[PDB]
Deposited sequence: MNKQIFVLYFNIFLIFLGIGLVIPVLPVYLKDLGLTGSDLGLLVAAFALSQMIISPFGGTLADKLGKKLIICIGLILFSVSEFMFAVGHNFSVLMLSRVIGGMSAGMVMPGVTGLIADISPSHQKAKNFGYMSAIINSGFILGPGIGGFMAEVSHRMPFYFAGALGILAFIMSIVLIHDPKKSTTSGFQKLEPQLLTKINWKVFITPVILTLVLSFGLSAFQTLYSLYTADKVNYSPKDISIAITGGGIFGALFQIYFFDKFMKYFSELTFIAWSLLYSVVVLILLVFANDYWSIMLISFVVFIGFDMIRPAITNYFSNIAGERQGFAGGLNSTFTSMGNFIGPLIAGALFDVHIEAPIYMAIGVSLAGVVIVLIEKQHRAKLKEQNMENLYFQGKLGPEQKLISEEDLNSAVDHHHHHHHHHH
């Protein structure tokens, strides 16, 4: 693997590592200070919101004021944000650290995507998007895992490690990385609605489950951060392995819509089974398979986007990234507040959004069948 490609992918893996580092720490943060779940969700919600807000301005700066400089500035800002979070005292300083880290993440991603586009040839676009989605997430899953796993001996040393990794990535990028209008008028805008809704639902469900599992297993089974970390990382590993081993086999049998509907029904059934779970090992094993549905949905939505877009793969990738970020911003904000409303209410919210996804996909299938038979 090229060295520059490795550095560029590390710049995203570490960014999503910092994105996910906060979830396993939520229970001790609730206990030691004393708040509601609304603030715990609002942490990640504001991080994703800042990332989404900064992404257009960050991309404009990267295109105009140079690409490498913006990437380096974002990396140093991410390291500074991690260091500040490692030394926080109250809710306001953590809020500011999350906001500035989100801004750094939103100023890094457009630069790295531009570097990927400008370095690899034009015949490696879909593959570049595929790897991009695969790292962006193999990081959004491994973040909470490593953070909770290593947050057992110290209360804030995971953020110190994140800052050290940011400094190392900045140094390595400085040493190694070197870079010496009418496009929206012709868009139909009436056909991308269903994939947009599907990817928004998937991102919202993933983020909502990420917050809700931690909050609910802390409230009910008094889970330690290490237990939550191990469960999350094991579920992510299982989902990734099952996807990479069976996605082609399921794809070669049925179409995308029916597969998505059955996967959503499976997600609902695992959520319902998790409703009545009351034992440590029982809920751990149930969580071990929840991520399977989402990790099977994501490549299906990516393939659907690639097929529906056609020649404009870049526009599809941008829309997918923007709507995934919006879902990640809207998930925890609702999830934590409604958990504060009721402990099991976020589970009902997740099953409701899954039902909305399954009904919209089934009506899109009905429409396709109607104009196919007509």
Inset, instruction - Take the full deposited sequence, match it to the modelled residues, and report the stretches without C-alphas. - result: 181-192, 387-424
